[PDB]
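A short write-up of the structure that comes next.
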Amino acid sequence: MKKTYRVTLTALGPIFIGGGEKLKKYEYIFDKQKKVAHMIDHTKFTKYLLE
RNA sequence: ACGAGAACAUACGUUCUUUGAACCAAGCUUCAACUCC
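My numbering applies: residue 265 is where the first sequence begins, and numbers increase by one.
Written out as structure tokens, the structure is:
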């Protein structure tokens, strides 16, 4: 009879769903030597280079 | 030197009036953005 339940999925390990977006060696990826990575948007990158 | 001669079966008149090709019906069902090294 439509037994609705609230599922709280506790991520005990690394959870990855992907979704079809591959990031190449230097293609939108910005990896620096302080053990964090930043990533960029294609539109503002391309117009920031074309300006 | 014909039961004959002469004589439009003719004139007038809307296949027309009223009438939803409608009513009902999920583009949906089942799918891990993934496996290997």
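Backbone N, C-alpha and C define an ideal beta-carbon position, used for all residues, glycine too.
Sequence-distant Cβ neighbours of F309 in its own chain, meaning closer than 8 angstroms and more than five residues away, are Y292. Boundaries cannot be given for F280, as no beta strand (DSSP E) includes it and DSSP labels it neither H nor E. Counting only the Cα atoms, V300 lies some 17 angstroms from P278. In this structure, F294 lies near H302, with their beta-carbon atoms less than 7 angstroms apart.
Assignment of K308 by DSSP, reduced to helix, strand and coil, places it in the helix class.
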